[PDB]
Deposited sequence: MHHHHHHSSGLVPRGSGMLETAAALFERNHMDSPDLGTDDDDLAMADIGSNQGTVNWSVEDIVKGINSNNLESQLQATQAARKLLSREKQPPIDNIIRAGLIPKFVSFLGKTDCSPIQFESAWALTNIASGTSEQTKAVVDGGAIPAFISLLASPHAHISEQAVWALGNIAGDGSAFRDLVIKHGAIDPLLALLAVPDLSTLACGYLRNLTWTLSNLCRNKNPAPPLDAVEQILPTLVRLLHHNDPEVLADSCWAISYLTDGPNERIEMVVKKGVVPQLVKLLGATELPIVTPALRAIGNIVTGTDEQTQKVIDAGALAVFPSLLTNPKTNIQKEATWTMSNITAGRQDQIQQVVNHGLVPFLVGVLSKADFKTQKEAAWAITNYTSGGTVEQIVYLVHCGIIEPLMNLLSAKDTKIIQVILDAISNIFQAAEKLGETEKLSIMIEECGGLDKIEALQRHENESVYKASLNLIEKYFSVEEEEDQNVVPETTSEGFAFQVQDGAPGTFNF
């Protein structure tokens, strides 16, 4: 009976002084905004219904109109920043935070979902949700001995809504709010459900994308081992965020990078660097480039896990983006490595696939590959084997490539002839 109503009819019912008539129009509004295609969000906003829906959130004696109003307002906030702003401008945020204490779980869950859409718009509405005090009652819903006693969808919505209060930068989430949520976010990272685990890895990915002090807050909570275990999940939905967070922790200090290597992450990279998903390969090759930029003992740990042959293979065959992250991992390694390590890279077969990428267009990769050729030729000078390296490059067809490196970029043809003249 509340199916395919007109907006004028929903307006006539909500404009009535009958809460039961207002409930049937608020349910007809939810049904139109829950339709699979072209939800009429703008027509409902132009009708002036958000204010009446926000007052219906306060109707404790009509739990049905509160649920229907929360669903309708959740779907308007699901749309454009403009549509989410019309919900926040109706006074919705305080009203959704009261509904978090609803004895009805279906109404409390819709208030969680709504808040998630408001905070997901951006940092300003994320920070206004946090200012209106949403965190304490969100975290109170998860204050249970066993998260397994809560409904799957309820925990999945609460975990996605907490993820959105940990998301967006400029500004980044408030440090006090991040330290109030992390303890509960860690409990959800140890949960059995895969959607809760995926949205909990994304939240740690958002909190790790930032200055080293933000990375430290998370690494002090002891999550790196659980993130390294979720990096080995068979579910790409959990591996994609677990890798981003491990990758964002190796942007920090060599001591933070050393917690990842200590948790055993280098043992999963053989499969992440051979991953059928191009994003996982590229993201994992980028994580390897920030590990090769660290200490010589950390570069030796990469060598011990057998990852150099795997980086020679991403350089041999992979999406050019992954191959550019591999050139960067080889130049960082050849920059901070010992000579014993640089000669191991040439023994693993780095010369041919590195040189074959000098026939590419990007000047950035050409400047990176020629910066690694010099570092290797400098290690060869310290061993008196530059001639052998020159002959090896000549046979792979590299001197020919560097000879052609007649280029627009100066540093390119400058370094090219700095190497052609000095070693060839």
Unmodelled spans of the deposited chain sequence come out as 1-52, 458, 478-510
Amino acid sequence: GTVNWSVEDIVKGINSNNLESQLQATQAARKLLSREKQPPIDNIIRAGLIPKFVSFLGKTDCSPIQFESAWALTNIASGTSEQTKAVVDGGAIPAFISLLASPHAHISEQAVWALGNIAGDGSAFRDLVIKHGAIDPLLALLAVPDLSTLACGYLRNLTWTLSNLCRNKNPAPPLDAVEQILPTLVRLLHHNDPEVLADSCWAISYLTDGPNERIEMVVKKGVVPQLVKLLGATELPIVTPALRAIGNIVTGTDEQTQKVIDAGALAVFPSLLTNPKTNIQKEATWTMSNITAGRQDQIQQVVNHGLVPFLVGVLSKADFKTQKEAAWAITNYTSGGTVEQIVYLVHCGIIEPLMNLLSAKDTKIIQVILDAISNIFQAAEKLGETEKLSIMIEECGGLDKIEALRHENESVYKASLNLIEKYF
From here on, numbers count along this sequence of modelled residues.
Should the higher mean CA B-factor in the entry be assigned to 46-54 or to 384-392?
384-392
Comparing 350-358 with 204-212, the one whose average Cα B-factor in the PDB entry is higher
350-358
Among the choices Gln83, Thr234, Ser271, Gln180, identify the one whose CA B-factor in the record is greatest.
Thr234
Which listed residue, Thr287, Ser163, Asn170, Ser78, has the largest C-alpha temperature factor in the record?
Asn170
Would you mind checking where the Cα B-factor of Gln27 ranks among the modelled residues of its chain, as the lowest, middle or highest third?
lowest
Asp127 - which third its CA temperature factor falls in, relative to the rest of the chain:
lowest
Divide the modelled residues of the chain into thirds by Cα B-factor and specify which third, lowest, middle or highest, holds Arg244.
middle
Chain-relative CA temperature factor third for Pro137:
lowest
Divide the modelled residues of the chain into thirds by Cα B-factor and specify which third, lowest, middle or highest, holds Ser69.
middle
